[PDB]
Amino acid sequence: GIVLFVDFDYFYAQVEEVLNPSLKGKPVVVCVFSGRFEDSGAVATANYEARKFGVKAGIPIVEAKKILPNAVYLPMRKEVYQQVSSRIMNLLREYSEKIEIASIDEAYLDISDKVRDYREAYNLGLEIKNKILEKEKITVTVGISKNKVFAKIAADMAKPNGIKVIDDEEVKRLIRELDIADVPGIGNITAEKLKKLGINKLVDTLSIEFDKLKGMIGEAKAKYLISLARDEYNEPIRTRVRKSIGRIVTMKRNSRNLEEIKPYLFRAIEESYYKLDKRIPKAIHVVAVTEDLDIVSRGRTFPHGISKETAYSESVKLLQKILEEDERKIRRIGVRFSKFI
DNA sequence: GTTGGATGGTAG
DNA sequence: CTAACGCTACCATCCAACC
Ligand SMILES: Nc1nc2c(ncn2[C@H]2C[C@H](O)[C@@H](COP(=O)(O)OP(=O)(O)OP(=O)(O)O)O2)c(=O)[nH]1
Ligand SMILES: [Ca+2]
Ligand SMILES: [Ca+2]
Ligand SMILES: [Ca+2]
Ligand code: NA
(Lines give C-alpha, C1' and ligand atoms only; values in the text may rest on other atoms or scores of the structure.)
(Ligands and ions follow the chains in the order given, each with its own letter.)
Protein backbone atom coordinates (compact mmCIF):
# COMPACT_ATOMS: atom_id res chain seq x y z
CA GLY A 1 0.00 0.00 0.00
CA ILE A 2 1.50 3.33 -1.25
CA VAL A 3 -0.11 6.82 -1.37
CA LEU A 4 1.24 9.83 -3.28
CA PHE A 5 0.24 13.35 -2.22
CA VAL A 6 0.47 16.52 -4.27
CA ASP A 7 0.14 20.08 -2.93
CA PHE A 8 0.60 23.05 -5.21
CA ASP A 9 3.27 25.63 -4.29
CA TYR A 10 2.08 29.10 -3.12
CA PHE A 11 -0.78 28.39 -5.53
CA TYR A 12 -2.83 31.56 -6.14
CA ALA A 13 0.36 33.61 -6.14
CA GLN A 14 2.10 31.16 -8.45
CA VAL A 15 -0.74 31.21 -10.97
CA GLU A 16 -0.38 34.97 -11.14
CA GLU A 17 3.37 34.70 -11.83
CA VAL A 18 2.50 32.27 -14.67
CA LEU A 19 0.04 34.77 -16.15
CA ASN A 20 2.54 37.64 -15.61
CA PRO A 21 6.14 36.44 -15.30
CA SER A 22 7.53 39.96 -14.81
CA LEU A 23 6.31 39.26 -11.24
CA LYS A 24 8.80 36.30 -10.80
CA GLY A 25 11.45 37.15 -8.20
CA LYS A 26 9.58 39.97 -6.48
CA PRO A 27 7.14 39.72 -3.58
CA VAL A 28 3.54 39.05 -4.58
CA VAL A 29 0.54 39.22 -2.29
CA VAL A 30 -2.95 38.06 -3.30
CA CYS A 31 -5.75 39.83 -1.51
CA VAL A 32 -9.39 39.46 -0.68
CA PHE A 33 -10.64 43.07 -0.75
CA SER A 34 -13.79 43.72 1.27
CA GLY A 35 -14.81 47.27 0.27
CA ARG A 36 -15.21 48.45 3.93
CA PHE A 37 -12.50 51.07 3.28
CA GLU A 38 -9.31 51.60 1.25
CA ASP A 39 -7.52 48.20 1.25
CA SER A 40 -9.87 46.63 3.79
CA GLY A 41 -9.70 42.82 3.79
CA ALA A 42 -7.24 39.94 4.28
CA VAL A 43 -4.40 38.15 2.45
CA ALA A 44 -5.33 34.87 0.75
CA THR A 45 -1.70 33.93 0.10
CA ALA A 46 1.67 35.38 -0.85
CA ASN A 47 4.71 33.97 -2.63
CA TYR A 48 7.78 32.92 -0.69
CA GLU A 49 9.51 36.27 -1.26
CA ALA A 50 6.68 38.11 0.46
CA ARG A 51 6.51 35.43 3.22
CA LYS A 52 10.08 35.81 4.35
CA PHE A 53 9.03 39.30 5.55
CA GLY A 54 6.00 38.06 7.52
CA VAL A 55 3.23 38.30 4.88
CA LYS A 56 0.98 35.22 5.21
CA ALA A 57 -2.64 34.06 4.71
CA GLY A 58 -5.11 35.73 7.09
CA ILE A 59 -3.34 38.95 8.09
CA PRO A 60 -5.02 42.22 7.07
CA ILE A 61 -4.01 43.73 3.75
CA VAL A 62 -2.99 46.97 5.45
CA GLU A 63 -0.68 45.03 7.80
CA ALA A 64 1.10 43.71 4.69
CA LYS A 65 1.38 47.19 3.17
CA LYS A 66 3.10 48.43 6.35
CA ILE A 67 5.77 45.73 5.90
CA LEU A 68 6.03 45.65 2.10
CA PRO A 69 4.76 48.93 0.72
CA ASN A 70 6.36 48.03 -2.66
CA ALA A 71 5.17 44.42 -2.98
CA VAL A 72 2.67 43.65 -5.73
CA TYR A 73 -0.91 43.40 -4.46
CA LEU A 74 -3.32 41.69 -6.85
CA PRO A 75 -7.00 40.91 -6.26
CA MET A 76 -7.93 37.27 -5.88
CA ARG A 77 -9.36 35.71 -9.02
CA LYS A 78 -10.82 32.43 -7.79
CA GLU A 79 -12.35 31.47 -11.16
CA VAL A 80 -8.92 31.46 -12.83
CA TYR A 81 -7.24 29.56 -10.00
CA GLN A 82 -10.03 26.96 -10.26
CA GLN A 83 -9.53 26.34 -14.02
CA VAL A 84 -5.80 25.75 -13.48
CA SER A 85 -6.56 23.47 -10.50
CA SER A 86 -9.00 21.40 -12.62
CA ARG A 87 -6.60 21.01 -15.53
CA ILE A 88 -3.93 19.79 -13.12
CA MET A 89 -6.36 17.42 -11.36
CA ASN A 90 -7.28 15.95 -14.75
CA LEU A 91 -3.59 15.57 -15.42
CA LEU A 92 -3.25 13.61 -12.12
CA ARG A 93 -6.12 11.18 -12.96
CA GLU A 94 -4.01 9.79 -15.84
CA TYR A 95 -1.44 8.60 -13.27
CA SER A 96 -4.12 6.94 -11.12
CA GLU A 97 -7.89 6.82 -11.49
CA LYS A 98 -8.09 6.29 -7.68
CA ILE A 99 -7.77 9.97 -6.74
CA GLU A 100 -9.10 11.97 -3.80
CA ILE A 101 -9.23 15.66 -4.58
CA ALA A 102 -8.89 17.19 -1.11
CA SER A 103 -8.88 20.97 -1.75
CA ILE A 104 -8.31 23.55 -4.51
CA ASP A 105 -4.57 22.80 -4.50
CA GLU A 106 -4.09 19.23 -3.26
CA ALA A 107 -5.03 15.64 -4.06
CA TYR A 108 -4.12 12.10 -2.93
CA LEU A 109 -3.27 9.32 -5.39
CA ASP A 110 -3.23 5.61 -4.56
CA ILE A 111 -0.30 4.39 -6.70
CA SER A 112 -0.13 0.81 -5.30
CA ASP A 113 -0.75 -0.71 -8.77
CA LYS A 114 1.32 1.78 -10.76
CA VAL A 115 4.65 1.02 -8.99
CA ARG A 116 6.58 -2.01 -7.67
CA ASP A 117 8.31 -0.13 -4.77
CA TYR A 118 9.03 3.19 -3.07
CA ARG A 119 12.03 3.99 -5.33
CA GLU A 120 9.82 3.67 -8.41
CA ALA A 121 7.25 5.81 -6.54
CA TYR A 122 9.91 8.55 -6.26
CA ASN A 123 10.59 8.25 -9.98
CA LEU A 124 6.85 8.60 -10.64
CA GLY A 125 6.80 11.65 -8.35
CA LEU A 126 9.55 13.18 -10.50
CA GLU A 127 7.54 12.55 -13.70
CA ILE A 128 4.31 13.95 -12.26
CA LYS A 129 6.19 17.06 -11.08
CA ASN A 130 7.85 17.51 -14.49
CA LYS A 131 4.64 17.11 -16.52
CA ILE A 132 2.72 19.58 -14.36
CA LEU A 133 5.56 22.05 -14.90
CA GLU A 134 5.55 21.44 -18.67
CA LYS A 135 1.74 21.68 -19.11
CA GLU A 136 0.74 24.29 -16.50
CA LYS A 137 4.10 25.88 -15.54
CA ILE A 138 3.34 25.33 -11.83
CA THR A 139 5.71 23.74 -9.30
CA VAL A 140 4.37 21.39 -6.68
CA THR A 141 5.51 19.46 -3.64
CA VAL A 142 5.02 15.67 -3.67
CA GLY A 143 4.83 13.49 -0.55
CA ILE A 144 4.87 9.71 -0.82
CA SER A 145 4.23 7.32 2.07
CA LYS A 146 2.24 4.19 3.05
CA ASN A 147 -0.88 6.22 3.84
CA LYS A 148 -2.61 9.61 3.36
CA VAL A 149 -1.61 11.18 6.66
CA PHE A 150 2.09 10.37 6.28
CA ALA A 151 2.07 11.26 2.57
CA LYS A 152 0.86 14.69 3.70
CA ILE A 153 3.47 15.05 6.47
CA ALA A 154 6.15 14.06 3.94
CA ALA A 155 4.99 16.90 1.64
CA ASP A 156 5.06 19.48 4.47
CA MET A 157 8.65 18.57 5.30
CA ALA A 158 9.63 19.10 1.65
CA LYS A 159 7.89 22.33 0.61
CA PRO A 160 8.48 24.29 -1.60
CA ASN A 161 9.14 22.53 -4.96
CA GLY A 162 10.19 19.29 -3.21
CA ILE A 163 9.62 15.56 -2.95
CA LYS A 164 10.04 13.30 0.07
CA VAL A 165 9.53 9.57 0.38
CA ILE A 166 8.94 8.21 3.85
CA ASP A 167 8.67 4.42 3.22
CA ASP A 168 7.01 1.81 5.52
CA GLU A 169 10.27 1.24 7.52
CA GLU A 170 11.13 4.95 7.86
CA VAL A 171 7.58 5.69 9.18
CA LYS A 172 8.38 4.20 12.59
CA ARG A 173 11.36 6.61 12.86
CA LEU A 174 9.08 9.51 11.86
CA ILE A 175 6.52 8.83 14.61
CA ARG A 176 9.27 9.23 17.24
CA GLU A 177 10.63 12.63 16.07
CA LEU A 178 7.51 14.38 14.67
CA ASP A 179 6.43 17.49 16.55
CA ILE A 180 2.88 16.96 17.80
CA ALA A 181 1.80 20.28 16.22
CA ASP A 182 3.06 19.04 12.83
CA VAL A 183 0.40 16.29 12.90
CA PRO A 184 -2.38 17.07 10.43
CA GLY A 185 -5.51 17.90 12.41
CA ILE A 186 -3.60 19.30 15.42
CA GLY A 187 -3.84 23.10 15.37
CA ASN A 188 -2.77 25.67 17.93
CA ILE A 189 -5.63 24.83 20.31
CA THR A 190 -5.25 21.05 20.41
CA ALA A 191 -1.44 21.34 20.21
CA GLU A 192 -1.50 23.65 23.24
CA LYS A 193 -3.86 21.47 25.30
CA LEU A 194 -1.50 18.53 24.75
CA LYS A 195 1.55 20.39 26.10
CA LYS A 196 -0.47 20.70 29.36
CA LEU A 197 0.15 16.94 29.56
CA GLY A 198 3.80 16.35 28.45
CA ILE A 199 2.95 15.36 24.89
CA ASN A 200 5.44 17.06 22.57
CA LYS A 201 6.20 14.31 20.08
CA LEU A 202 3.52 12.16 18.41
CA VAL A 203 4.87 9.03 20.09
CA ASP A 204 4.13 10.43 23.60
CA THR A 205 0.40 9.69 23.10
CA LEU A 206 1.15 5.98 23.63
CA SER A 207 2.45 6.60 27.18
CA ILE A 208 -0.71 8.25 28.61
CA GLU A 209 -4.10 6.85 29.71
CA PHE A 210 -6.86 6.92 27.08
CA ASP A 211 -9.31 8.69 29.43
CA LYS A 212 -6.94 11.63 30.11
CA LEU A 213 -6.48 12.01 26.35
CA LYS A 214 -10.20 11.68 25.56
CA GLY A 215 -10.78 14.11 28.46
CA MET A 216 -8.62 16.88 27.02
CA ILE A 217 -9.27 16.56 23.25
CA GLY A 218 -12.41 14.35 22.92
CA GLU A 219 -12.97 10.81 21.66
CA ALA A 220 -12.61 11.06 17.86
CA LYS A 221 -9.29 12.92 17.95
CA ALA A 222 -7.85 10.87 20.82
CA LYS A 223 -8.50 7.66 18.87
CA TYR A 224 -6.91 9.37 15.86
CA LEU A 225 -3.67 10.38 17.60
CA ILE A 226 -3.26 6.94 19.22
CA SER A 227 -3.94 4.82 16.14
CA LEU A 228 -1.43 7.01 14.23
CA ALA A 229 1.27 6.43 16.88
CA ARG A 230 0.74 2.67 16.60
CA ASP A 231 0.94 2.80 12.77
CA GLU A 232 -2.55 1.32 12.53
CA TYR A 233 -4.29 4.18 10.71
CA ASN A 234 -4.76 3.35 7.02
CA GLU A 235 -7.73 5.47 5.93
CA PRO A 236 -8.90 4.89 2.35
CA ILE A 237 -8.64 7.07 -0.77
CA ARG A 238 -12.21 8.08 -1.76
CA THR A 239 -13.74 10.46 -4.31
CA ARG A 240 -14.71 13.74 -2.60
CA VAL A 241 -18.45 14.37 -2.20
CA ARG A 242 -19.66 17.94 -1.50
CA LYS A 243 -21.91 17.94 1.60
CA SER A 244 -22.47 21.70 1.84
CA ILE A 245 -22.19 24.76 -0.38
CA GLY A 246 -22.44 28.40 0.72
CA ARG A 247 -21.29 31.97 0.40
CA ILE A 248 -20.64 34.80 2.86
CA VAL A 249 -20.13 38.48 2.14
CA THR A 250 -18.79 41.43 4.11
CA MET A 251 -21.05 44.43 4.60
CA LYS A 252 -19.75 47.92 3.96
CA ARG A 253 -20.82 48.84 7.52
CA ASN A 254 -22.07 47.02 10.58
CA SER A 255 -25.82 46.99 11.01
CA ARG A 256 -28.85 45.49 12.68
CA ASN A 257 -31.26 46.96 10.16
CA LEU A 258 -32.98 44.26 8.14
CA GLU A 259 -33.37 46.34 4.98
CA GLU A 260 -29.69 47.33 5.20
CA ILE A 261 -28.58 43.66 5.45
CA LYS A 262 -30.93 42.01 2.92
CA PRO A 263 -29.11 43.05 -0.31
CA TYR A 264 -26.02 41.19 0.92
CA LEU A 265 -28.03 38.18 2.07
CA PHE A 266 -29.77 37.94 -1.31
CA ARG A 267 -26.45 38.26 -3.18
CA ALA A 268 -25.17 35.32 -1.11
CA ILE A 269 -28.26 33.23 -1.88
CA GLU A 270 -28.06 33.94 -5.62
CA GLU A 271 -24.37 33.07 -5.72
CA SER A 272 -24.64 29.93 -3.62
CA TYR A 273 -27.72 28.67 -5.48
CA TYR A 274 -25.66 28.99 -8.68
CA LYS A 275 -22.74 27.09 -7.08
CA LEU A 276 -25.34 24.43 -6.18
CA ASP A 277 -25.50 23.49 -9.89
CA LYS A 278 -28.64 21.28 -9.94
CA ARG A 279 -28.09 19.82 -6.44
CA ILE A 280 -31.16 20.22 -4.20
CA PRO A 281 -30.65 20.85 -0.49
CA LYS A 282 -33.04 20.14 2.37
CA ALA A 283 -31.15 22.28 4.92
CA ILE A 284 -30.37 26.00 4.98
CA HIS A 285 -28.38 28.06 7.48
CA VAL A 286 -27.80 31.81 7.72
CA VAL A 287 -24.35 32.53 9.19
CA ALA A 288 -23.53 35.91 10.71
CA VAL A 289 -20.16 37.34 11.75
CA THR A 290 -20.69 39.84 14.57
CA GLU A 291 -18.97 43.22 15.01
CA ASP A 292 -16.58 41.53 17.46
CA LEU A 293 -15.94 38.70 14.95
CA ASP A 294 -17.90 35.96 16.82
CA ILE A 295 -20.00 33.67 14.56
CA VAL A 296 -23.67 32.83 15.14
CA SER A 297 -26.02 30.78 12.92
CA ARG A 298 -29.62 29.75 12.63
CA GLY A 299 -31.04 27.16 10.24
CA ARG A 300 -33.90 24.81 9.33
CA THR A 301 -34.16 21.30 7.91
CA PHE A 302 -37.17 20.82 5.62
CA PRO A 303 -38.49 17.34 4.76
CA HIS A 304 -38.42 18.28 1.08
CA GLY A 305 -35.81 20.11 -1.05
CA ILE A 306 -35.60 23.93 -0.92
CA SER A 307 -36.55 26.08 -3.92
CA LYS A 308 -34.75 29.35 -4.50
CA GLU A 309 -38.01 31.04 -3.51
CA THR A 310 -38.22 29.11 -0.19
CA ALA A 311 -34.56 30.02 0.43
CA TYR A 312 -35.26 33.72 -0.03
CA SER A 313 -38.22 33.50 2.38
CA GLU A 314 -36.77 31.35 5.15
CA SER A 315 -33.39 33.13 5.17
CA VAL A 316 -35.04 36.43 6.06
CA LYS A 317 -36.86 34.61 8.89
CA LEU A 318 -33.59 33.09 10.13
CA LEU A 319 -31.87 36.47 9.94
CA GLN A 320 -34.79 37.94 11.93
CA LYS A 321 -34.19 35.25 14.53
CA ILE A 322 -30.49 36.11 14.80
CA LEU A 323 -31.32 39.79 15.27
CA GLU A 324 -33.82 38.95 18.03
CA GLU A 325 -31.74 36.29 19.81
CA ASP A 326 -28.39 38.20 19.67
CA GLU A 327 -27.97 41.94 20.46
CA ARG A 328 -24.71 42.81 18.57
CA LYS A 329 -24.35 44.35 15.09
CA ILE A 330 -23.64 42.18 12.07
CA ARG A 331 -20.45 42.63 10.06
CA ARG A 332 -20.72 39.71 7.62
CA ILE A 333 -23.69 37.73 6.39
CA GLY A 334 -24.02 34.50 4.43
CA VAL A 335 -25.93 31.30 3.80
CA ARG A 336 -25.03 27.63 3.54
CA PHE A 337 -26.98 24.74 2.07
CA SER A 338 -26.56 21.13 3.10
CA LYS A 339 -28.39 17.77 3.05
CA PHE A 340 -28.53 17.29 -0.70
CA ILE A 341 -31.08 14.85 -2.10
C1' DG B 1 -30.48 3.64 25.20
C1' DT B 2 -30.03 5.16 19.80
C1' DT B 3 -30.18 9.17 15.97
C1' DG B 4 -31.28 13.76 13.65
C1' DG B 5 -31.40 18.38 14.44
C1' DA B 6 -29.71 23.07 15.95
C1' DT B 7 -25.87 25.33 17.02
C1' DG B 8 -20.97 26.09 17.87
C1' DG B 9 -15.62 24.71 17.45
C1' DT B 10 -11.24 23.25 15.26
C1' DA B 11 -8.63 22.75 11.27
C1' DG B 12 -6.71 23.08 6.74
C1' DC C 1 -14.78 53.21 7.72
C1' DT C 2 -10.44 52.77 11.51
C1' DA C 3 -7.44 44.85 11.31
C1' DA C 4 -9.03 40.15 10.94
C1' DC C 5 -11.64 37.28 3.76
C1' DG C 6 -13.87 33.09 2.99
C1' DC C 7 -14.69 27.77 2.22
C1' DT C 8 -16.08 23.30 3.88
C1' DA C 9 -15.35 18.62 6.50
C1' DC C 10 -15.69 16.67 10.68
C1' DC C 11 -16.63 16.68 15.63
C1' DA C 12 -18.94 17.98 20.17
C1' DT C 13 -22.84 19.12 23.04
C1' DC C 14 -27.32 19.81 24.19
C1' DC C 15 -32.17 18.07 22.89
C1' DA C 16 -36.54 15.60 22.27
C1' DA C 17 -38.44 12.26 19.44
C1' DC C 18 -37.90 7.30 18.04
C1' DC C 19 -38.22 2.32 17.47
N1 LIG D 1 -8.67 33.46 0.83
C2 LIG D 1 -7.88 32.54 1.38
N3 LIG D 1 -7.28 31.60 0.64
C4 LIG D 1 -6.51 30.77 1.37
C5 LIG D 1 -6.25 30.78 2.73
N6 LIG D 1 -5.39 29.74 3.06
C7 LIG D 1 -5.15 29.13 1.92
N8 LIG D 1 -5.80 29.72 0.85
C9 LIG D 1 -5.77 29.39 -0.57
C10 LIG D 1 -4.69 30.23 -1.23
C11 LIG D 1 -3.51 29.29 -1.35
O12 LIG D 1 -2.63 29.63 -2.45
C13 LIG D 1 -4.22 27.95 -1.53
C14 LIG D 1 -3.47 26.72 -1.06
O15 LIG D 1 -3.25 26.87 0.32
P16 LIG D 1 -1.97 26.25 1.02
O17 LIG D 1 -2.35 26.04 2.44
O18 LIG D 1 -1.61 24.92 0.41
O19 LIG D 1 -0.75 27.28 1.00
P20 LIG D 1 -0.11 27.81 -0.39
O21 LIG D 1 -0.35 26.86 -1.54
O22 LIG D 1 -0.56 29.20 -0.75
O23 LIG D 1 1.43 27.94 -0.01
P24 LIG D 1 2.19 26.52 -0.08
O25 LIG D 1 3.63 26.50 -0.60
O26 LIG D 1 1.68 25.31 0.70
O27 LIG D 1 2.76 26.96 1.24
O28 LIG D 1 -5.41 28.03 -0.75
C29 LIG D 1 -6.88 31.79 3.51
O30 LIG D 1 -6.85 32.03 4.73
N31 LIG D 1 -7.68 32.62 2.74
CA1 LIG E 1 -0.05 24.56 -1.25
CA1 LIG F 1 -2.85 22.96 0.41
CA1 LIG G 1 -0.87 20.84 12.94
NA1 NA H 1 11.19 -3.40 3.61
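Chain naming here is simple, since letters A, B, ... match the order of the sequence lines and numbering starts at 1 in each. Computed over heavy atoms, backbone and side chain alike; hydrogens, waters and symmetry mates excluded.
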| A:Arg36 side chain: which of B:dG12, C:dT2, B:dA6 is closest? | C:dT2
| task | Identify whether the distance between the nearest side-chain nitrogen and carboxylate oxygen of A:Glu127 and A:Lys131 falls below 4.0 Å. | result | no
| message | For A:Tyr95, does the six-membered ring have the charged nitrogen or CZ of A:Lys114 within the cation-pi criterion, i.e. under 6.0 angstrom from the centroid and within 45° of the normal? | response | no
| said: For C:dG6 and A:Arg247 - does any side-chain N or O of the residue sit under 4.0 Å from the phosphate oxygens OP1/OP2? | reply: yes
| said: Between A:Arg336 and C:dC7, is there a contact of a side-chain N or O with OP1 or OP2 at under 4.0 Å? | reply: no
| request: Ignoring backbone atoms, test whether A:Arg242 places a side-chain nitrogen or oxygen under 4.0 Å from the OP1 or OP2 oxygen of C:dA9. | output: yes
| Separation of atom NZ in A:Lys243 from atom P in C:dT8, rounded to whole Å | 13 Å
| task | Could you tell me whether A:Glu38 contacts a base, only the sugar-phosphate backbone, or nothing, with contacts defined as non-hydrogen atoms closer than 4.0 Å? | result | nothing
| field | Carboxylate-amine/guanidinium proximity below 4.0 Å for A:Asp294 and A:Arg328 | value | yes
| field | Selected nucleotide, minimal atom distance to A:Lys78 side chain, candidates B:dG8, C:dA4, C:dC7 | value | C:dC7
| field | A:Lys148 NZ - B:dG12 P separation (whole Å) | value | 15 Å
| query | Which residue, A:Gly58 or A:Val241, contacts DNA chain C at a nucleotide closer to its 5' end, judged by nearest heavy atom? | reply | A:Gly58
| query | Is A:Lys146 salt-bridged to A:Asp167, cutoff N-O under 4.0 Å? | reply | no
| field | Phosphate contact (C:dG6 OP1 or OP2) by A:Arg332 side-chain N/O below 4.0 Å | value | yes
| request: Take the protein atom NZ of A:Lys339 and the nucleotide atom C1' of B:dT7, then report the distance between them rounded to whole Å. | output: 11 Å
| remark: From CZ of A:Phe337 across to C1' of B:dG5 the rounded distance in Å is 18 Å
| task | Please state how far atom CD1 in A:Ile101 lies from atom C1' in C:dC7, giving the value in whole angstrom units. | result | 16 Å
| task | Can you figure out which of C:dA9, B:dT7, B:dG5 approaches the side chain of A:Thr301 most closely? | result | B:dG5
| said: Here's one to test your reading of the geometry: is the NZ or CZ of A:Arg51 within 45 degrees of the ring axis of A:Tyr48 and under 6.0 Å from its centre? | reply: yes
| query | What interatomic distance, in whole Å, is found between P of C:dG6 and the corresponding atom of C:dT2? | reply | 15 Å
| task | Could you check which of C:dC5, C:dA9, C:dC1 has an atom nearest any side-chain atom of A:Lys252? | result | C:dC1
| Sugar-phosphate, base or nothing in reach of A:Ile186, heavy atoms under 4.0 Å | sugar-phosphate
| field | Plane angle bin for A:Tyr224 and A:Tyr233 - parallel if under 30°, tilted between 30 and 60°, otherwise perpendicular | value | perpendicular
| query | From the list C:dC11, C:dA4, C:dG6, which nucleotide is the closest neighbour of the side chain of A:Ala220? | reply | C:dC11
| Distance in angstrom units between A:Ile284 CD1 and B:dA6 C1', rounded | 14 Å
| query | Which part of the nucleic acid does A:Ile245 contact within heavy-atom distance under 4.0 Å: base, sugar-phosphate only, or nothing? | reply | sugar-phosphate
| Taking only side-chain nitrogens and oxygens of A:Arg331, does any of them come within less than 4.0 Å of OP1 or OP2 of C:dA4? | yes
| said: So A:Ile248, base contact, sugar-phosphate only, or nothing? Heavy-atom distance under 4.0 Å. | reply: sugar-phosphate
| request: Between A:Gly246 and A:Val43, just flag the one whose closest nucleotide in DNA chain C comes earlier from the 5' side. | output: A:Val43
| field | Pairwise P distance for B:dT2 and C:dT13, with rounding to whole Å | value | 16 Å
| For A:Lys321, which contact category applies under a 4.0 Å heavy-atom criterion: base, sugar-phosphate, or nothing? | sugar-phosphate
| Counting side-chain heavy atoms from CB outward, which of C:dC1, B:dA11, B:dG8 is closest to A:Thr190? | B:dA11
| Over how many whole Å does the gap from A:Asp292 atom CG to B:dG8 atom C1' extend? | 15 Å
| task | Rounded off to whole Å, could you give me the NZ-to-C1' distance for the A:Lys223 and C:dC10 pair? | result | 15 Å
| task | Salt-bridge test for A:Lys66 and A:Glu63: reply yes if a basic N is under 4.0 Å from a carboxylate O, no otherwise. | result | yes
| task | Taking only the side-chain nitrogens and oxygens of A:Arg300, find out if one of them lies under 4.0 Å from OP1 or OP2 of B:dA6. | result | no
| query | Distance between the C1' atoms of B:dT3 and C:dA12, in whole angstroms? | reply | 15 Å
| said: Just N and O in the side chain of A:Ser40: are any of them under 4.0 Å from OP1 or OP2 of C:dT2? | reply: no
| field | Nucleotide of B:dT7, B:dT10, B:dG12 approaching A:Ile189 most closely (side-chain heavy atoms) | value | B:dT10
| request: Pick base, sugar-phosphate or nothing for A:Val183, based on heavy-atom distances below 4.0 Å to the nucleic acid. | output: sugar-phosphate
| Touch class at under 4.0 angstrom, heavy-atom based, for A:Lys275 against every strand present | sugar-phosphate
| Would you say A:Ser103 reaches B:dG12's phosphate, i.e. side-chain N/O to OP1/OP2 under 4.0 Å? | no
| request: Decide between north and south for C:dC11, the convention being positive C1'-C2'-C3'-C4' for north and negative for south. | output: south
| request: Describe, in one word, how the ring planes of A:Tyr108 and A:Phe5 are oriented to each other, choosing from parallel (under 30°), tilted (30 to 60°) and perpendicular (over 60°). | output: tilted
| query | Can you tell me if the sugar in C:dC10 is north or south, using the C1'-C2'-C3'-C4' torsion? | reply | south
| task | Would you mind classifying the nucleic acid contact of A:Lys282 as base, sugar-phosphate or nothing, using non-hydrogen atoms under 4.0 angstrom? | result | nothing
